[PDB]
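Visitor: Starting off with a structure, shown below.
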Amino acid sequence: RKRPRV
Amino acid sequence: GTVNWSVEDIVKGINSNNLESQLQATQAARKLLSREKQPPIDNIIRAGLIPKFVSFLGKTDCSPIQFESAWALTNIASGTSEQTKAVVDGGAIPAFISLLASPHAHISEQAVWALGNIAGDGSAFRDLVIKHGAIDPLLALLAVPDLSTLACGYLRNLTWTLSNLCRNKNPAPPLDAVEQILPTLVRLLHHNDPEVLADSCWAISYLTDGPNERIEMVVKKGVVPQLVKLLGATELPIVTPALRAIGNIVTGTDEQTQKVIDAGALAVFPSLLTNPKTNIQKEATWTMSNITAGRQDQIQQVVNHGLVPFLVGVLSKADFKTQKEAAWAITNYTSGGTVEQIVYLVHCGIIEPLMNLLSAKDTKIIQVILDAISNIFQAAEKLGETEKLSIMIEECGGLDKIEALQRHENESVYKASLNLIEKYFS
């Protein structure tokens, strides 16, 4: 749904 | 170099009148926002940095600051709706759409990712991204003769962002946007990569989650055989969305359901109805309930594929939510089936597990089961064998449970139960 870039 | 800066120092660097100082401060912000234990998103927002990041997205001659600010903004946009809203409020949507055309693949990819987070917030930002014209440049990135020439991570990011443009309801995505996206989705649904396939299936599952005209848009693209193939995949991340899409499709018309049956879906349900993942079992049984709600020739194909014993099995022992879906499948079957189909149902052993579920503390499943019992009794009356069924129900303990339900605080419960005892047990 949403995802950060780590 | 740029690890563990303070927000104060990031602010001082971004406020300098030195593009290279700004670049290094922006990278420091990116590394802050990229740490996993509670990145200081709100502190960055409160420092007023979002408009600066957004203006850095347009610095064509300093592509590293485009990349760093795109990444920083992506991670802000991955947060709460309020944080995503701060990114949108700063003007980020048209700037990211312009970045889709960047000659630097890693920057284009970062813009794809950002737009996927923004669109993934909800219907309104999804439709706002569409209104700013994201779909054409997104799809142009996939207009190559063989998807295998694109980098795997790039292709996965594009698929995921496109699936967010297909996602959410109230309202569903615009019809024309769906029609524009669907051919590229069909193409991604045939790509060899497991995560592309999973997210393609998710997108299709979103698109089929709605009224029959939406389902028809998908089914007429011919994707049902590929969905059934993916239903048989070994990767659970693929089977879950593929099964969801198939289940959605069989909530439509009997002709749509028939496309699912003709593509061979029923042959996978022995595995699905016994799958060790509880949610797969549950959604397989839900799917079966919307197939036993169809025509008698469709019920008959459930019989021919040997699935009735598998429904007896999930009614006998499964997670309770699955058992309730199986109760629904059984009353749909009994409400729509021929007499011989209902006879066959009883010969498979449905009665005892059905009766045992009358002990359940859930009044809805009790109503469903009582209704099924009435449908079966009506087949028995059409055969003049109501008494043998009465005996069968009593010898397995069912009558105790039915009269215990005569004194149930729900009304239609004790009405149906009482009715059953008056008509069949005297």
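Labeling convention for the structure tokens: chains A, B, ... as they appear, residues from 1 per chain, ligands from 1 in order of appearance.
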Only residues of chain B matter here; which ones have an atom within 10 Å of chain A, counting only C-alpha atoms? Give them as JSON, numbers by chain.

Guide: {"B": [30, 31, 33, 34, 35, 36, 71, 72, 73, 74, 75, 76, 77, 78, 79, 80, 84, 110, 113, 114, 116, 117, 118, 119, 120, 121, 122, 160, 161, 163, 164, 167]}

Visitor: Excluding residue 289 of chain B and residues on its chain fewer than 5 positions from it, collect all residues at most 9 Å away from it, counting only C-alpha atoms, and give them as a compact mmCIF listing (two decimals) with C-alpha atoms, in the first residue's frame.

Guide:
# COMPACT_ATOMS: atom_id res chain seq x y z
CA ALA B 284 -11.24 -20.88 -1.68
CA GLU B 325 -18.08 -19.90 4.23
CA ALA B 326 -18.65 -23.64 3.77
CA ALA B 327 -22.08 -23.31 5.40
CA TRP B 328 -22.86 -20.60 2.83
CA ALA B 329 -21.59 -22.82 0.02
CA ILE B 330 -23.89 -25.59 1.22
CA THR B 331 -27.06 -23.50 1.49
CA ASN B 332 -26.36 -21.95 -1.93
CA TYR B 333 -25.91 -25.50 -3.30

Visitor: Could you tell me how far atom CA of residue 364 of chain B lies from atom CA of residue 299 of chain B, in Å and to one decimal?

Guide: 23.7 Å

Visitor: What lies within 7 Å of segment 211-224 of chain B using only C-alpha atoms, ignoring chain neighbours under 2 positions off, as a tab-separated table (two decimals) with N, CA and C atoms, in the first residue's frame?

Guide:
chain	number	residue	atom	x	y	z
B	186	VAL	N	-2.18	-6.88	-18.48
B	186	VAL	CA	-2.24	-8.22	-19.05
B	186	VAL	C	-0.85	-8.69	-19.45
B	207	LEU	N	-9.26	-4.59	-9.60
B	207	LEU	CA	-10.12	-4.22	-10.71
B	207	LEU	C	-11.38	-5.08	-10.77
B	208	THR	N	-11.32	-6.31	-10.26
B	208	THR	CA	-12.50	-7.17	-10.27
B	208	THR	C	-13.30	-7.07	-8.99
B	226	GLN	N	-4.95	-17.25	-17.56
B	226	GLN	CA	-3.67	-16.96	-16.91
B	226	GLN	C	-3.85	-16.87	-15.41
B	227	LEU	N	-5.00	-16.33	-14.96
B	227	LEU	CA	-5.27	-16.29	-13.53
B	227	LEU	C	-5.36	-17.70	-12.94
B	228	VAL	N	-5.97	-18.64	-13.67
B	228	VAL	CA	-6.09	-20.02	-13.19
B	228	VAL	C	-4.72	-20.69	-13.13
B	249	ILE	N	-14.22	-12.52	-9.52
B	249	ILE	CA	-14.85	-12.75	-10.81
B	249	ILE	C	-16.10	-13.61	-10.66
B	252	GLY	N	-19.65	-12.25	-10.07
B	252	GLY	CA	-20.39	-11.61	-11.14
B	252	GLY	C	-21.54	-12.43	-11.69
B	253	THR	N	-21.70	-12.43	-13.02
B	253	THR	CA	-22.77	-13.17	-13.66
B	253	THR	C	-22.38	-14.62	-13.82
B	260	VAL	N	-14.53	-18.81	-15.56
B	260	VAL	CA	-13.63	-19.39	-14.57
B	260	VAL	C	-13.65	-20.93	-14.62
B	263	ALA	N	-11.93	-22.29	-17.81
B	263	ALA	CA	-10.47	-22.19	-17.80
B	263	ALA	C	-9.82	-23.27	-16.96

Visitor: In Å to one decimal, how far is atom CA of residue 264 of chain B from atom CA of residue 305 of chain B?

Guide: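 Atom CA of residue 264 of chain B lies 10.1 Å from atom CA of residue 305 of chain B.
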
Visitor: Find the residues near segment 339-344 of chain B: any atom within 7 Å, counting only C-alpha atoms, skip ones fewer than 5 places away on the same chain, and give them as a VMD selection string.

Guide: chain B and resid 334 376 379

Visitor: What's around residue 236 of chain B at 9 Å? Count only C-alpha atoms, leave out sequence neighbours fewer than 2 positions away in its own chain, and write the answer as a count of residues only.

Guide: 9

Visitor: Please identify all polymer residues within 9 Å of residue 10 of chain B, counting only C-alpha atoms, omitting same-chain residues fewer than 5 positions from it, and present them as number ranges by chain.

Guide: B: 5, 15, 22, 24-29
